[PDB]
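First comes one chain, alone, set out as structure tokens in the form deposited in one PDB entry.
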């Protein structure tokens, strides 16, 4: 049906618009401004690229600009995947992903079984990796791995302002493509 909706959720200022621009254009968002309301960009995605079953899909990235009233629940309809974005320099943004994710999966809590049972693909992306001093890099990656595990989610950590963070063939780009393939599969080829 070619239609795919992926929410991009996280606290204000964590880098959602910068990430989406990188995912959709392989270019850094040079002039980021405060996102008002819901911004949508489209990633033209080759499903199963390189295979005889290769098929192009338009993946909508819905960049919701709210904070954890309940009027943004209307944006959470018909969701096929969720990207949960946190700022690695800002532990509070990481904590709030427990609220961001529940806000969709229900429409200050953590229920491990709710995430064992959830079928909507989840991807946890930590931004501003470049700002993490290497002495503390190890500690933040351990914390972030446990975060991905709580959500039963793949994790990617990157610098949204570095085009090599998502350059073709890179480890990040492969994980991103795998996530988008899973979104498409669970909506259609299930």
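Numbering follows the first chain given and starts at 1. Only residues modelled in both forms are compared. Basically, rigid core = biggest C-alpha set you can superpose within 1.5 Å across the two forms.
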Taking the other compared PDB entries with both flanking residues modelled, is residue 91 unmodelled in at least a third?
-> no
Among the other entries of this protein that model both neighbours of residue 72, is it absent from at least a third?
-> no
Does the deposited sequence hold unmodelled residues between residue 68 and residue 69, and if so, how many: none, 1 to 3, 4 to 9, or 10 or more?
-> 4 to 9
As the entry stands, the deposited residues without coordinates between residue 107 and residue 108 add up to 10 or more
Take the C-alpha B-factors listed in the entry for 17 to 25 and for 167 to 175, compute each mean, and give the stretch with the larger one.
-> 167 to 175
Going by the average Cα B-factor in the PDB entry, point out whether 29 to 37 or 51 to 59 comes out higher.
-> 29 to 37
In this crystal structure's PDB entry, the residue among 158, 124, 42, 140 with the greatest CA B factor is 140
Of the residues 101, 95, 119, 80, the one whose Cα carries the largest B-factor in the deposited record is 119
Modelled-residue ranking by C-alpha temperature factor, third containing residue 46 | lowest
Quick one: classify residue 84 as lowest, middle or highest third of the chain based on its Cα B-factor.
-> lowest
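Unshown form deposited in another entry; subsequent notes refer to it.
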Sole residue of 29, 148, 140, 129 shifting 2 angstroms or more in CA between the shown form and the other one, core aligned | 29
Quick one: in the other entry, is the Cα gap between residue 8 and residue 31 smaller or bigger than here? Answer closer or farther; it shifts by 3 Å or more.
-> closer
Between residue 30 and residue 159, does the Cα distance in the other entry come out closer or farther than in this form, changing by 3 Å or more?
-> farther
Kindly list the runs, ordered along the sequence, of 3+ consecutive residues whose C-alpha shifts are all 2 Å or more between the shown form and the other one once the two forms are aligned on their core.
-> 26 to 39, 69 to 71
